[PDB]
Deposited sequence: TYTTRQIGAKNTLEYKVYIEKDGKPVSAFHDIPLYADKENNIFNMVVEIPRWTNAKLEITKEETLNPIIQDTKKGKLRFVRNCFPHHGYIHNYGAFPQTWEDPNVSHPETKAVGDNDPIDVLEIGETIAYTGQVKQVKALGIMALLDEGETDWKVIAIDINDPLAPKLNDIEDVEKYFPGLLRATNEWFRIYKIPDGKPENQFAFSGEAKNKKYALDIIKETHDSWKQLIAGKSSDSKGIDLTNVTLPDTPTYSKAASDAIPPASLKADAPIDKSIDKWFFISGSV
């Protein structure tokens, strides 16, 4: 059973979320199997950011057991601003564990990103089981920043969704909103409009699976200690006994759950930008 352990108050620099397996912290990057059901391509997704929230939460590669923390720049907590007509993130946003876009266009140096499109709003550190529907390629300064489009297998519509064309049928306009969102979401931060490969097209399930599998193989090399360069990445794990960086003690070293209410978010984050 996967649960979460929160350290610190939400919306502060101290906030960290660890994933627990049967009460014990594990690495959110390395210890959660990519596949819930390999034969049927059911993936575990680690959720970082709930739909319609603003705080830019991410698995941190550099801290032991890779908790989810809020992104910072020069000491300041980072938020996505509201970009009309959107409110925060428009997907449950996260990543596949045991994947890595090896930067050694080029890998983006993180687990492959996942947009989960189902009805229910997720929680930070949730491990849910999803099926892949397709994939888009956002460009980020020469890096290929893939966005997998997926749905929770427990979603009421999941049986009716198998490939990318089904997203057009049951979620008309969501692909367009996705294109627009990733194009404009940094404009309020003083950055340019972003660009997609393939003229913004979403490639199909088959294509997505090939990319996901490649990033899993890269992670296999990484965790084995065999990548050409893993600088800045903590590979400590508590479930892979034959890896050089196995250390069960790392689980015990994590502090207990925080006793704290969410810190308030500055009211400026409410603002709707027309851009």
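Student: Which ranges of the deposited chain go unmodelled, in order along the sequence?
Tutor: Those parts of the chain that were deposited but carry no coordinates are 105-111, 283-286.
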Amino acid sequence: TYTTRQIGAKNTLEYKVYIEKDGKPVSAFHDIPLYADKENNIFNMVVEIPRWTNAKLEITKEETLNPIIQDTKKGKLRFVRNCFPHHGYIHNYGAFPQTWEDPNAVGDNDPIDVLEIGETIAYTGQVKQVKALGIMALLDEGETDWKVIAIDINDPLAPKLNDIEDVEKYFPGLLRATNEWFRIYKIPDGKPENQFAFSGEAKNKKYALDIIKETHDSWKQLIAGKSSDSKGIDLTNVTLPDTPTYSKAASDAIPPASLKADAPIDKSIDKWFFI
From here on, numbers count along this sequence of modelled residues.
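Student: Per the entry, where is the mean C-alpha temperature factor higher: 20-28 or 255-263?
Tutor: Of 255-263 and 20-28, the stretch with the higher C-alpha B-factor average is 255-263.
Student: Quick check: 160-168 versus 144-152, which has the larger average CA B-factor in the record?
Tutor: According to the PDB entry, the answer is 160-168.
Student: Based on the PDB record, which member of 44, 236, 230, 60 exhibits the highest Cα temperature factor?
Tutor: 230 has the highest C-alpha B-factor of those listed.
Student: Select one of 183, 81, 74, 191: the residue whose C-alpha shows the highest B-factor in the crystal structure entry.
Tutor: The record points to 191.
Student: Ordered by C-alpha B-factor within the chain, which third holds residue 119? Give me lowest, middle or highest, please.
Tutor: Its C-alpha B-factor belongs to the lowest third of this chain's values.
Student: Where does the C-alpha B-factor of residue 89 rank in its chain, lowest, middle or highest third?
Tutor: CA B-factor rank for residue 89: lowest third.
Student: Please rank the C-alpha B-factors of the chain's modelled residues and tell me whether residue 216 sits in the lowest, middle or highest third.
Tutor: CA B-factor rank for residue 216: middle third.
Student: By its CA B factor, does residue 198 count among the lowest, middle or highest third of the modelled residues in the chain?
Tutor: Highest third - that is where residue 198 ends up once the chain's C-alpha B-factors are sorted.
Student: Which third, lowest, middle or highest, does the C-alpha temperature factor of residue 138 belong to within its own chain?
Tutor: Middle third of the chain for residue 138's C-alpha B-factor.
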